[PDB]
Structures are given as C-alpha cells and as structure tokens.
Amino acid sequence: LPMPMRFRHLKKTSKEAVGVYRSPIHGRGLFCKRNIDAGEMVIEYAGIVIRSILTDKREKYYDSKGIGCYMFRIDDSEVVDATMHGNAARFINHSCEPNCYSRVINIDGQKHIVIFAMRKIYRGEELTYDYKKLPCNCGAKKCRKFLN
C-alpha cells in the first residue's frame, strides 16, 4: 500500500490504537491499546515544521512560561515543534532498544513525520523510537546509558 492511502484515516484510527499513560521510562509515554502489525503506521508526530536555528529561543520562551516544550528533531536543519499544535505522539519516549521508527513522508507536497512499527507490537507495550548530560532509562540491557 502506498503512503497516502495509509495516511488518510490515521487520525481516526490512531485514537483506537494508542493512548498516553504513566511510563516507567519517564513521565508519560505512548502505549498501544491493541496489537500493531510490523510495518503499520502508528501515529503522526503532529506539529509545526521549523528551522532548527529557531528552537533555542522557542524553548527559552516556553520554559519561561511554564509551558512544556515538545520537539522532534528531523535532522541538523529541521525540527517539529509539538508544543502548541502537537498530539499524543509528543509523549513517545526514547529507547536504546526501540520498537518503532520515524519517517518523514510527503502528502500532497507537504511534510508529515510518521511513526512506524519496527516489529509486531503487543497490546500494553510502550512505544519508543531512537531519538536523533541526561541518562537513559529505557530499561534495556543492551542500553547506551545516555540520551547524549
């Protein structure tokens, strides 16, 4: 199946597939409510695509207001700011042994960051991906110990 078809009803279906709960990794995380097949589109990392140079002053503003800052690093040039116009995907935690991965897809000329299942994921599992001095708490044995 091509990407555009799989993307069309993702907002409707995501509500049924995932939810936000307390995480043993950190704070809140994203968990699945039903088994998810390998290769399945899980959820869009919703938000505003911005040039990376802008993030430090945004984060500074958010912090000064007590607004929780949420951002997805695409690469060294671009970030998705999910602070004001994000969705449940902004709670996805990092793992040193993740079960999802991110991809930037193109829909009618526009960029969307979507999260895909790396393997079959079972009901109840936390969903995690590999983020692109803070220690890591993914709990994996093959763990890199750090976010940096």
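One rule holds for the numbers: they count along the sequence shown, beginning at 1.
In this entry, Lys132 and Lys133 are separated by 4 to 9 residues of the deposited sequence that lack coordinates. For the pair 120 to 128 and 10 to 18, the mean Cα B-factor is higher in 10 to 18. The mean Cα B-factor in the deposited entry runs higher for 107 to 115 than for the other of 107 to 115 and 55 to 63. Residues shown: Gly27, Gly39, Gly86, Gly68. Highest C-alpha temperature factor in the entry: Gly39. Ranked against the other modelled residues of its chain, the C-alpha B-factor of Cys100 as given in the entry falls in the middle third.
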